[PDB]
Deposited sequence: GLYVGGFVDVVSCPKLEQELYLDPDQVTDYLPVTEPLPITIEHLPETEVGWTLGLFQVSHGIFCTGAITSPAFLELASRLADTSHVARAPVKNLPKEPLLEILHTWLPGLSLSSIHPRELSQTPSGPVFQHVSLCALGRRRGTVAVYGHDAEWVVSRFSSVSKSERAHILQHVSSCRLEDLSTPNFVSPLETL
């Protein structure tokens, strides 16, 4: 599996309107989230590729760490990263070993799905999506083979927030995570 990490934008789905982007301080009463959330592609359930490990209140927002564990997703992503002229076209410029950069390129964002502000049961949070159709602010998704390397790609996480996050991630045995229910996005039509 892979690790993913980054700040998230917090998004709710209205009836009528398309997308509502919350201020993260609107949901910080509900952090830390240590219960695993499904990680999906672009809010398509049926595309679970893994599981969050922790979301934490850090400096200006909400930092997520996750594991990407779906073998069908990983195999499909690797095939595309290696062989698809189209997946490869927008990257200047590719190592070989291109998977981590192809993921970062096409799934650059993390969206934390939350119930609307107006609410008071149900969980607050539903899933985290790797997002391509989202905003170019608020979130940058970094994919890597260990969590230390991932958390290293960020400048605004303090020494103690970093230690806190890694300690927590070190306690998660990946093989204890349940199978994600994944089908290709194209199979959902």
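Deposited-sequence segments unaccounted for in the coordinates: No coordinates exist for the deposited residues in 120 to 123, so this stretch alone is absent from the model.
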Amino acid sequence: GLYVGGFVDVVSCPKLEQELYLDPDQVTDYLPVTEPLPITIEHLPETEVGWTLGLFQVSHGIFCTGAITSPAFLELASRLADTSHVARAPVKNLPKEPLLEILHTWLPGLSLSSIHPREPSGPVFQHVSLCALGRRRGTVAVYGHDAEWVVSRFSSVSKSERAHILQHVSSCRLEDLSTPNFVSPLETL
From here on, numbers count along this sequence of modelled residues.
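Could you settle it for me: does 6 to 14 or 165 to 173 have the higher average Cα B factor in the PDB entry? In the deposited entry, the stretch with the higher C-alpha B-factor mean is 165 to 173.
Comparing 65 to 73 with 146 to 154, where is the mean C-alpha B-factor higher? Averaged over C-alpha atoms, the B-factors run higher in 146 to 154.
Which has the highest CA B-factor per the PDB entry: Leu99, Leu107, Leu94, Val86? Max CA B-factor in the entry, restricted to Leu99, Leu107, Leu94, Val86: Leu94.
Member of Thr139, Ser129, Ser121, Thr52 with the greatest C-alpha B factor (per the PDB record): By C-alpha B-factor in the record, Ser121 ranks first.
Within this chain's modelled residues, let me know which third the CA B factor of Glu46 belongs to: lowest, middle or highest. For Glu46, whose C-alpha B-factor we compare with every modelled residue in the chain, the answer is the middle third.
Ordered by C-alpha B-factor within the chain, which third holds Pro32? Give me lowest, middle or highest, please. Tercile = highest for this residue's CA B-factor.
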